[PDB]
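A quick write-up on the structure given underneath.
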Amino acid sequence: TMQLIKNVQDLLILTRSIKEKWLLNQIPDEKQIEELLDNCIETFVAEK
Amino acid sequence: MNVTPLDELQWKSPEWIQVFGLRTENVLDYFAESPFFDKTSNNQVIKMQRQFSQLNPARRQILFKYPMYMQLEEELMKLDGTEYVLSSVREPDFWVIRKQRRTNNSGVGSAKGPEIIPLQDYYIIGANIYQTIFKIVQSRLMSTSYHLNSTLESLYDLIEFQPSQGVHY
């Protein structure tokens, strides 16, 4: 009983450790913005 | 049919000790009515012979101390077989007999006397009688193992496991 249970539990822990290693260890326009800011600043100037 | 082992069998005879009392003189007389005293032993035959005649280290110490013990040899040397003889005595409460069987091998070529072979152990403690240590040891060990099994199964029931920690309580 003790040996079977211990061996199976050890194997399961080993599998989880492998999966954890798998997850962790594996290392891997501008012009439109111009008129956008121009309209924003002129709108604020008018509204201020 | 369930039989209590004779090794643990203990006889008490309050009437006999009340009437006669405990003494080395009648210790064999006390033993006579017990179940352990076989009726086929030559001691009983000697007893009926005496009755019919009337109608018509410490071993050497107890050897030389009593004359009835002498008469026991000179009446027992003639009859070979299962016989009851005293082992040792310390007064006024402790007596033990020696349970041996005799085969008087008078054949040619044997310079030794009659062969004496043990058969059983008997201890007279007070008014009580007691009659293998291997069995005692194995019984104690097996009961210990049973208790250990109970404790370990209870402890394993108490055990709780989680993958992220191991086993805890």
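Every chain in the structure tokens has a letter given in the order shown (A, B, ...), and although residue numbers restart at 1 in each chain, ligands are simply numbered from 1 in the order shown.
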Using only C-alpha atoms, determine which residues of chain A fall within 9 Å of chain B; present them as an MDAnalysis selection string.
chainID A and resid 9 12:13 16
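Put simply, atom CA of residue B:48 is 21.4 Å away from atom CA of residue B:97.
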May I ask which of the residues B:69, B:16, B:130, B:146 is the closest one to residue B:36, counting only C-alpha atoms?
B:130
